[PDB]
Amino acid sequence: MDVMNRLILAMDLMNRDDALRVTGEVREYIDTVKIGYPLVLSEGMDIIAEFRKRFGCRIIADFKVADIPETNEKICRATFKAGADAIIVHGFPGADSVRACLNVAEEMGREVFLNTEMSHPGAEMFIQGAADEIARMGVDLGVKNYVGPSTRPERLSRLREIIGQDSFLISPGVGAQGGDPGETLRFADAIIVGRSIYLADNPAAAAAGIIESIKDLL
């Protein structure tokens, strides 16, 4: 996956007009948008096709898929029907649940991203202790796309070690949650940025600023 400027916009605004306007304001800087449940549950799955029509951007559906295999298959099918290029799935529910998603992605010509360790403080309770094993599970299953935490560069580096340089790694927690863009790109292929851009007085200048700060990494 070739992400413009190594920068993925997390579009978590919850109304269509604002989401479209802000995305339009930063369109020159990105070509990949992560759309999650905040926007989809507020405006419907048709918003994905709308983004594709307006911007041609790739769409990663951040749905943290975390059900039994049978339900996971249905969720992926509905998601790809809506035009998503990729879906993000949790590894904590185990290998069968991940495989269910890989099957549908293969059928519809899409990608699965595996979330290995999350960025927020609560990730320390249960997820962090399982994270290396979840990463190895991804490797065993043939997963090629991963998500790991900008807020813990040492853990992000370990995840990169496990999955290898061939795998694709994206990383949220940059900006609002405290992660640094350049440090994160030592290990991740691309950074995910939400509030630092979409809540900024001037989203375009915020994106431009982040890009300026990592210009030597592009």
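Residues carry their position along the shown sequence, with the first being 1.
On mean C-alpha B-factor from the PDB entry, just flag whether 7-15 or 202-210 is the higher one. Here the higher of the two C-alpha B-factor means belongs to 202-210.
Comparing 49-57 with 170-178, the one whose average Cα B-factor in the PDB entry is higher: 49-57 has the higher mean C-alpha B-factor.
Identify, among 30, 185, 192, 159, the residue whose C-alpha carries the highest B-factor in the deposited PDB entry. Largest recorded C-alpha B-factor: 30.
Which of 73, 107, 85, 124 ranks first by CA B-factor in the deposited coordinates: Most elevated C-alpha B-factor of the set, per the entry: 107.
Please rank the C-alpha B-factors of the chain's modelled residues and tell me whether residue 26 sits in the lowest, middle or highest third. Its C-alpha B-factor belongs to the highest third of this chain's values.
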